[PDB]
>>> print(open('model-v7.pdb').read())   # PDB, C-alpha atoms
ATOM      1  CA  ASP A   1      14.268  13.614  -5.412  1.00  0.00           C
ATOM      2  CA  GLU A   2      13.819  10.371  -3.438  1.00  0.00           C
ATOM      3  CA  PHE A   3      11.761  10.370  -0.214  1.00  0.00           C
ATOM      4  CA  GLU A   4      12.251   6.743   0.898  1.00  0.00           C
ATOM      5  CA  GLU A   5      14.527   6.334   3.941  1.00  0.00           C
ATOM      6  CA  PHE A   6      13.046   6.293   7.462  1.00  0.00           C
ATOM      7  CA  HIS A   7       9.329   6.388   6.562  1.00  0.00           C
ATOM      8  CA  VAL A   8       8.895   3.515   4.076  1.00  0.00           C
ATOM      9  CA  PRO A   9       6.060   1.055   3.488  1.00  0.00           C
ATOM     10  CA  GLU A  10       6.878  -2.665   3.851  1.00  0.00           C
ATOM     11  CA  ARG A  11       4.147  -4.102   1.596  1.00  0.00           C
ATOM     12  CA  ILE A  12       0.399  -4.022   0.842  1.00  0.00           C
ATOM     13  CA  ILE A  13      -2.203  -6.010   2.815  1.00  0.00           C
ATOM     14  CA  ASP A  14      -5.496  -4.898   1.270  1.00  0.00           C
ATOM     15  CA  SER A  15      -6.938  -2.331  -1.177  1.00  0.00           C
ATOM     16  CA  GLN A  16      -9.912   0.065  -1.165  1.00  0.00           C
ATOM     17  CA  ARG A  17     -10.898   1.436  -4.599  1.00  0.00           C
ATOM     18  CA  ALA A  18     -14.155   3.360  -4.088  1.00  0.00           C
ATOM     19  CA  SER A  19     -15.546   4.765  -7.357  1.00  0.00           C
ATOM     20  CA  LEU A  20     -16.875   8.329  -7.052  1.00  0.00           C
ATOM     21  CA  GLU A  21     -18.761   8.600 -10.371  1.00  0.00           C
ATOM     22  CA  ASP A  22     -18.509  12.405 -10.088  1.00  0.00           C
ATOM     23  CA  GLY A  23     -15.567  12.257 -12.519  1.00  0.00           C
ATOM     24  CA  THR A  24     -13.047  10.099 -10.619  1.00  0.00           C
ATOM     25  CA  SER A  25     -12.628   7.347  -8.001  1.00  0.00           C
ATOM     26  CA  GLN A  26     -10.984   6.913  -4.577  1.00  0.00           C
ATOM     27  CA  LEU A  27      -8.104   4.408  -4.809  1.00  0.00           C
ATOM     28  CA  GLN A  28      -6.328   3.515  -1.538  1.00  0.00           C
ATOM     29  CA  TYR A  29      -3.972   0.620  -0.668  1.00  0.00           C
ATOM     30  CA  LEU A  30      -3.554  -0.649   2.915  1.00  0.00           C
ATOM     31  CA  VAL A  31       0.193  -0.612   3.689  1.00  0.00           C
ATOM     32  CA  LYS A  32       2.188  -1.822   6.718  1.00  0.00           C
ATOM     33  CA  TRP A  33       4.924   0.684   7.636  1.00  0.00           C
ATOM     34  CA  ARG A  34       7.862  -1.494   8.744  1.00  0.00           C
ATOM     35  CA  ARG A  35       7.127  -4.325  11.202  1.00  0.00           C
ATOM     36  CA  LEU A  36       7.849  -2.814  14.640  1.00  0.00           C
ATOM     37  CA  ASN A  37       7.966  -5.089  17.711  1.00  0.00           C
ATOM     38  CA  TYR A  38       4.144  -5.092  17.688  1.00  0.00           C
ATOM     39  CA  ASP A  39       2.518  -3.969  14.416  1.00  0.00           C
ATOM     40  CA  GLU A  40       1.477  -0.918  12.364  1.00  0.00           C
ATOM     41  CA  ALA A  41      -0.552  -0.450   9.163  1.00  0.00           C
ATOM     42  CA  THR A  42      -3.105   2.038   7.790  1.00  0.00           C
ATOM     43  CA  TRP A  43      -4.730   3.110   4.504  1.00  0.00           C
ATOM     44  CA  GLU A  44      -3.086   5.317   1.854  1.00  0.00           C
ATOM     45  CA  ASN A  45      -3.850   6.247  -1.770  1.00  0.00           C
ATOM     46  CA  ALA A  46      -2.720   3.390  -4.028  1.00  0.00           C
ATOM     47  CA  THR A  47      -1.275   6.133  -6.227  1.00  0.00           C
ATOM     48  CA  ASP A  48       1.235   7.428  -3.676  1.00  0.00           C
ATOM     49  CA  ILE A  49       2.097   3.895  -2.532  1.00  0.00           C
ATOM     50  CA  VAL A  50       2.669   3.050  -6.213  1.00  0.00           C
ATOM     51  CA  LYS A  51       5.387   5.712  -6.447  1.00  0.00           C
ATOM     52  CA  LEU A  52       6.381   5.406  -2.767  1.00  0.00           C
ATOM     53  CA  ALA A  53       6.294   1.601  -2.946  1.00  0.00           C
ATOM     54  CA  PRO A  54       5.909   0.630  -6.609  1.00  0.00           C
ATOM     55  CA  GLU A  55       7.513  -2.805  -6.123  1.00  0.00           C
ATOM     56  CA  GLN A  56       5.065  -3.570  -3.289  1.00  0.00           C
ATOM     57  CA  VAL A  57       1.959  -2.194  -5.034  1.00  0.00           C
ATOM     58  CA  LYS A  58       2.948  -4.248  -8.109  1.00  0.00           C
ATOM     59  CA  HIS A  59       3.428  -7.446  -6.082  1.00  0.00           C
ATOM     60  CA  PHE A  60       0.243  -6.467  -4.230  1.00  0.00           C
ATOM     61  CA  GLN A  61      -1.522  -5.686  -7.522  1.00  0.00           C
ATOM     62  CA  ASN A  62      -0.870  -9.158  -8.983  1.00  0.00           C
ATOM     63  CA  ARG A  63      -1.801 -10.718  -5.616  1.00  0.00           C
ATOM     64  CA  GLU A  64      -5.286  -9.138  -5.661  1.00  0.00           C
ATOM     65  CA  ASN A  65      -6.132 -12.033  -8.009  1.00  0.00           C
ATOM     66  CA  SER A  66      -4.728 -14.743  -5.704  1.00  0.00           C
ATOM     67  CA  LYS A  67      -6.419 -15.793  -2.437  1.00  0.00           C
ATOM     68  CA  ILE A  68      -3.593 -17.558  -0.560  1.00  0.00           C
ATOM     69  CA  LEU A  69      -2.280 -20.032  -3.163  1.00  0.00           C
TER      70      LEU A  69
END
>>> encode(input="model-v7.pdb", output="structure tokens")
Amino acid sequence: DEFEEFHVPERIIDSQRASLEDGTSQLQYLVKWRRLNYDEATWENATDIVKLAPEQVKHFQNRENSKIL
């Protein structure tokens, strides 16, 4: 199925990959849901955002190696 209509991420702003070492790691990407008149953005697993917003996580992924350029 496709769950991407009203609740959809606009793009990534930052990432938070915390290694656990117990057998896995905590990967989370900061996303900004829409723009809204004011603003709105939180943290979500980079795995879900990859499937939920693969185009954004990809553009965000390649950006991780680019500090405003």
>>> atom_distance(input="model-v7.pdb", atom1="atom CA of residue A:65", atom2="atom CA of residue A:43")
19.7 Å
>>> resolve_selection(input="model-v7.pdb", expression="the PyMOL selection byres ((chain A and resi 11) around 6)", output="list in words")
residues 9, 10, 12, 31, 32 and 56 of chain A
>>> residues_near_point(input="model-v7.pdb", point="(2.4, 0.6, -2.4)", cutoff="10 Å", atoms="only C-alpha atoms", output="PDB file with C-alpha atoms, in the frame of the given file")
ATOM      1  CA  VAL A   8       8.895   3.515   4.076  1.00  0.00           C
ATOM      2  CA  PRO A   9       6.060   1.055   3.488  1.00  0.00           C
ATOM      3  CA  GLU A  10       6.878  -2.665   3.851  1.00  0.00           C
ATOM      4  CA  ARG A  11       4.147  -4.102   1.596  1.00  0.00           C
ATOM      5  CA  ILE A  12       0.399  -4.022   0.842  1.00  0.00           C
ATOM      6  CA  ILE A  13      -2.203  -6.010   2.815  1.00  0.00           C
ATOM      7  CA  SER A  15      -6.938  -2.331  -1.177  1.00  0.00           C
ATOM      8  CA  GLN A  28      -6.328   3.515  -1.538  1.00  0.00           C
ATOM      9  CA  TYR A  29      -3.972   0.620  -0.668  1.00  0.00           C
ATOM     10  CA  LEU A  30      -3.554  -0.649   2.915  1.00  0.00           C
ATOM     11  CA  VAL A  31       0.193  -0.612   3.689  1.00  0.00           C
ATOM     12  CA  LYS A  32       2.188  -1.822   6.718  1.00  0.00           C
ATOM     13  CA  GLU A  44      -3.086   5.317   1.854  1.00  0.00           C
ATOM     14  CA  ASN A  45      -3.850   6.247  -1.770  1.00  0.00           C
ATOM     15  CA  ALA A  46      -2.720   3.390  -4.028  1.00  0.00           C
ATOM     16  CA  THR A  47      -1.275   6.133  -6.227  1.00  0.00           C
ATOM     17  CA  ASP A  48       1.235   7.428  -3.676  1.00  0.00           C
ATOM     18  CA  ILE A  49       2.097   3.895  -2.532  1.00  0.00           C
ATOM     19  CA  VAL A  50       2.669   3.050  -6.213  1.00  0.00           C
ATOM     20  CA  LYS A  51       5.387   5.712  -6.447  1.00  0.00           C
ATOM     21  CA  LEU A  52       6.381   5.406  -2.767  1.00  0.00           C
ATOM     22  CA  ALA A  53       6.294   1.601  -2.946  1.00  0.00           C
ATOM     23  CA  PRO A  54       5.909   0.630  -6.609  1.00  0.00           C
ATOM     24  CA  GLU A  55       7.513  -2.805  -6.123  1.00  0.00           C
ATOM     25  CA  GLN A  56       5.065  -3.570  -3.289  1.00  0.00           C
ATOM     26  CA  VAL A  57       1.959  -2.194  -5.034  1.00  0.00           C
ATOM     27  CA  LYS A  58       2.948  -4.248  -8.109  1.00  0.00           C
ATOM     28  CA  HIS A  59       3.428  -7.446  -6.082  1.00  0.00           C
ATOM     29  CA  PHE A  60       0.243  -6.467  -4.230  1.00  0.00           C
ATOM     30  CA  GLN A  61      -1.522  -5.686  -7.522  1.00  0.00           C
TER      31      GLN A  61
END
>>> atom_distance(input="model-v7.pdb", atom1="atom CA of residue A:1", atom2="atom CA of residue A:35")
25.5 Å
>>> atom_distance(input="model-v7.pdb", atom1="atom CA of residue A:19", atom2="atom CA of residue A:64")
17.4 Å
>>> axis_aligned_box(input="model-v7.pdb", around="stretch 50-54 of chain A", padding_each_side="3 Å", output="lines of an AutoDock Vina configuration file")
center_x = 4.5
center_y = 3.2
center_z = -4.7
size_x = 9.7
size_y = 11.1
size_z = 9.8
>>> build_atoms(input="model-v7.pdb", residues="stretch 18-39 of chain A", atoms="N, CA, C and O atoms", output="short mmCIF file (atom, residue, chain, number, x, y, z; two decimals), keeping the file's coordinate frame")
data_model
loop_
_atom_site.label_atom_id
_atom_site.label_comp_id
_atom_site.auth_asym_id
_atom_site.auth_seq_id
_atom_site.Cartn_x
_atom_site.Cartn_y
_atom_site.Cartn_z
N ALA A 18 -12.73 2.94 -4.09
CA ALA A 18 -14.16 3.36 -4.09
C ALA A 18 -14.43 4.30 -5.26
O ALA A 18 -13.91 5.40 -5.32
N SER A 19 -15.24 3.89 -6.19
CA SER A 19 -15.55 4.76 -7.36
C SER A 19 -16.36 5.97 -6.90
O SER A 19 -17.21 5.87 -6.03
N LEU A 20 -16.11 7.12 -7.46
CA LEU A 20 -16.88 8.33 -7.05
C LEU A 20 -18.00 8.59 -8.05
O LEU A 20 -19.09 8.97 -7.68
N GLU A 21 -17.73 8.38 -9.31
CA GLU A 21 -18.76 8.60 -10.37
C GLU A 21 -18.94 10.09 -10.66
O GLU A 21 -19.56 10.48 -11.63
N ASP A 22 -18.38 10.94 -9.84
CA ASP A 22 -18.51 12.40 -10.09
C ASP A 22 -17.43 12.84 -11.08
O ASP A 22 -17.30 14.00 -11.40
N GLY A 23 -16.64 11.91 -11.55
CA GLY A 23 -15.57 12.26 -12.52
C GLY A 23 -14.27 11.56 -12.11
O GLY A 23 -13.24 11.72 -12.75
N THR A 24 -14.29 10.79 -11.05
CA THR A 24 -13.05 10.10 -10.62
C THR A 24 -13.38 8.93 -9.69
O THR A 24 -14.49 8.45 -9.64
N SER A 25 -12.40 8.48 -8.94
CA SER A 25 -12.63 7.35 -8.00
C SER A 25 -11.62 7.44 -6.85
O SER A 25 -10.57 8.04 -6.98
N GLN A 26 -11.93 6.85 -5.73
CA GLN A 26 -10.98 6.91 -4.58
C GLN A 26 -10.18 5.61 -4.48
O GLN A 26 -10.69 4.59 -4.07
N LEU A 27 -8.94 5.64 -4.87
CA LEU A 27 -8.10 4.41 -4.81
C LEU A 27 -7.16 4.47 -3.61
O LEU A 27 -6.36 5.38 -3.48
N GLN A 28 -7.23 3.50 -2.73
CA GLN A 28 -6.33 3.52 -1.54
C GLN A 28 -5.81 2.10 -1.24
O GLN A 28 -6.56 1.14 -1.25
N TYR A 29 -4.54 1.97 -0.97
CA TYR A 29 -3.97 0.62 -0.67
C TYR A 29 -3.57 0.53 0.81
O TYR A 29 -2.89 1.40 1.32
N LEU A 30 -3.95 -0.51 1.49
CA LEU A 30 -3.55 -0.65 2.92
C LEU A 30 -2.08 -1.06 2.99
O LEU A 30 -1.69 -2.08 2.47
N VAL A 31 -1.25 -0.26 3.61
CA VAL A 31 0.19 -0.61 3.69
C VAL A 31 0.64 -0.82 5.14
O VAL A 31 0.04 -0.31 6.07
N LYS A 32 1.68 -1.58 5.34
CA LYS A 32 2.19 -1.82 6.72
C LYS A 32 3.57 -1.18 6.88
O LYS A 32 4.57 -1.73 6.49
N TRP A 33 3.62 -0.01 7.45
CA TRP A 33 4.92 0.68 7.64
C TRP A 33 5.86 -0.14 8.52
O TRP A 33 5.65 -0.28 9.71
N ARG A 34 6.90 -0.68 7.94
CA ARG A 34 7.86 -1.49 8.74
C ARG A 34 7.13 -2.62 9.48
O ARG A 34 6.00 -2.93 9.19
N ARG A 35 7.78 -3.22 10.44
CA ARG A 35 7.13 -4.32 11.20
C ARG A 35 6.98 -3.93 12.67
O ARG A 35 6.00 -4.25 13.32
N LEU A 36 7.94 -3.23 13.21
CA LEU A 36 7.85 -2.81 14.64
C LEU A 36 7.70 -4.04 15.54
O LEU A 36 7.23 -5.08 15.12
N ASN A 37 8.09 -3.93 16.78
CA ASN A 37 7.97 -5.09 17.71
C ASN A 37 6.52 -5.58 17.75
O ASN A 37 6.25 -6.76 17.86
N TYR A 38 5.58 -4.68 17.66
CA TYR A 38 4.14 -5.09 17.69
C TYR A 38 3.57 -5.12 16.27
O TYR A 38 3.58 -6.14 15.61
N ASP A 39 3.09 -4.01 15.79
CA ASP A 39 2.52 -3.97 14.42
C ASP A 39 2.15 -2.53 14.04
O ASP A 39 2.15 -1.64 14.87
#
